[PDB]
Structure formats: C-alpha cells, structure tokens
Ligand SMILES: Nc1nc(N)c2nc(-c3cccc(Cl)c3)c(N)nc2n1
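First, one chain by itself: the form deposited without this ligand, in structure tokens.
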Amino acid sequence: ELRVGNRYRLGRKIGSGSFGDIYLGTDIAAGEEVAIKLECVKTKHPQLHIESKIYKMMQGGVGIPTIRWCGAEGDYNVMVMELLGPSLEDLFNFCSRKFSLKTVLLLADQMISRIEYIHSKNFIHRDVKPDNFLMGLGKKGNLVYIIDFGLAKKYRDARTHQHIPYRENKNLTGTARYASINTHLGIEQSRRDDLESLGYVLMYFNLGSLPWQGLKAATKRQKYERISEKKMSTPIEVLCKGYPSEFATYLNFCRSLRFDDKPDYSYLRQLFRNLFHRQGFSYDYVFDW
C-alpha cells in the first residue's frame, strides 16, 4: 500500500495551499489518523522543512500540534502531523456563518494566548486567519490550536532579543482578506500585525463577512488594490458598528503599536474578559456548535 515514512497510509486530499497539499493519513502502527503535508521537491520555495523546524521549536506549547515525522520520500518533502478537528472556518460555515458573542469571546481569549505563545518563542506567524485555527479532538475539543507556520519567521534574536529591522516596499505576505493595514502598505511585519489580523478575524466572525470581501476586479494586481483601498477607507468605528466597543478598542490598540513594541496581551485579553462578564456569560466551553 502507499505509505509515507513506511508507516502512514495516504488518504484523501483534505486541503491545499501555496506551500503544499494536505492529506488524511493513517498510522499503521496505531490506527491513529494523522495529517500529511506534502511539498514537491522541485519547488521554487523549499519551505516545508523550515516549517517543520518551527513546529519542533514550539512543541509542548498549549495548542501547538505535535509533529510525528518529517523526511524526504520520492518526489516530496513530507511532514506528518497529529490530526486536529475542524477549523474555525469549518465550524463557522457549519454554524451558518453566525457565531454568538459568547463563542467569539471564548475564541478570542485562546487565540490571543496562542499568538502570545508564538511571539514568546521569537516568531511571528504572518498568516492569522480562521482556516489556521483548529479545535482539538475529543477530549481537547475545547482547545483552540494554531497551525500553518509556512510564512512564520523570527522577529528577534533568540539570545539578544534584538528586533529585526524595519523596512518598507515589501510585497504582500499572508492573505489579503485578513492582512494588517501596514502589510498592505508594504511595511515589514511584526508582532502587532498578527494581532491586528486577529482583530479582523473576530469582526469577521461577528459580521459573517468583511466589507472588503467579495469585491469585483479582474487582475490579482487590481484585486489586492481594491481590498487595500476598501480596508483603509473603512474606519474602525464603521467596521465595528453594531458590536461592543471592545472590538474597536482592540483594533485601535493594535494599530497604535509601534513596529518593535511588545503588545500588552493581558490588556487585550482583559478587554474581552470584562465584556464576557458584563454579558453574564460563564466560561463553560459551550460553543455554538
């Protein structure tokens, strides 16, 4: 039978991205289902092995998937991961693209913490979006995991904590829908951008769509300009109209961080915790789904 690593049976393709395809797999040793990421060896962009190193650097952190095997086999670089549950985009669609405020706030608290953990390990993620957060399986079904480190990079030296240098004139990295304003402006990403993107993710969950989503264009050149033009022309107070002020406060705080500033993650969690209590919610892990 077809097995990567002599050990993982290849199953159906369950996802695609710029940095490889993802397949279901089965560990023949245990019958454990896994996720198998494949990257063609003849790729412009040797990346998967770097992503695997970052996963190894983050192992043991709460909400970080476990890497089971990496290696080269045939025409592919292979990374085998623990299989997680549905993504938040999956669950959003499952819930008919409506999440309650309670579910949004339960998710926000964990997502801020996942991003903080990555930053604590000296990396920025650079591709924060609903598809890249997955719920755990079974017992860990209440835990939000973060995936996809294919665009991640160090923002500071591990020993000296010297921050990487500021630059402009950069081409867009990440996804147009959730990228920070500064990314659209060509500015080097830093910690603040991961958190701004999360702010757009949270308003997406509240609204069902973002105002710069689904714009008519033709070229990809012109489409990203359309998005960058809309995102900038929509004030945060307009974006967040009809929702608690904490969401605007969150976004304004992220936009006000300087390039090398350390975010106050505890402040941002407490904005939403305070709202959670005001609403009378209990942190009982009853999500909408």
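Note that residue numbering begins at 1 and tracks the sequence as displayed. Between two forms, the rigid core is defined as the largest C-alpha subset superposing within 1.5 Å.
The same protein has a further form, the form solved in complex with this ligand, not shown here; the description that follows concerns it.
- Judged by the 2.4 Å clash test against backbone and C-beta atoms, the pocket of this chain is open once this ligand is superposed from its pose in the entry with it bound, as not a single ligand atom violates the cut-off.
- Residues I124, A179 and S256 are none of them found to lie within 4.5 Å of this ligand in the entry with it bound, as judged by heavy atom distances.
- This chain lacks the partner; the member of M79, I118, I112, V104 within 4.5 angstroms of this ligand in the entry with it bound by a non-hydrogen atom is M79.
- This chain is drawn without this ligand; in the entry with it bound, the residue among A152, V144, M203, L83 with a heavy atom within 4.5 Å of it is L83.
- Although the partner is absent here, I236 lies well away from this ligand in the entry with it bound, with no heavy atom inside 4.5 Å.
- Not displayed here, this ligand is approached by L134 to within 4.5 Å at the level of heavy atoms in the entry with it bound.
- Proximity of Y55 to this ligand in the entry with it bound falls within the 4.5 Å heavy atom cutoff.
- This ligand in the entry with it bound is approached by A35, whose closest heavy atom lies within 4.5 angstroms of it.
- Using a 4.5 Å cut-off on any heavy atom, the residues of 1-19 that reach this ligand in the entry with it bound are, in sequence order, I14, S16.
- In the core-superposed comparison between this form and the one not shown, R258 has its Cα shifted by less than 2 Å.
- Core-superposed comparison between this form and the one not shown: the Cα of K44 travels 2 Å or more.
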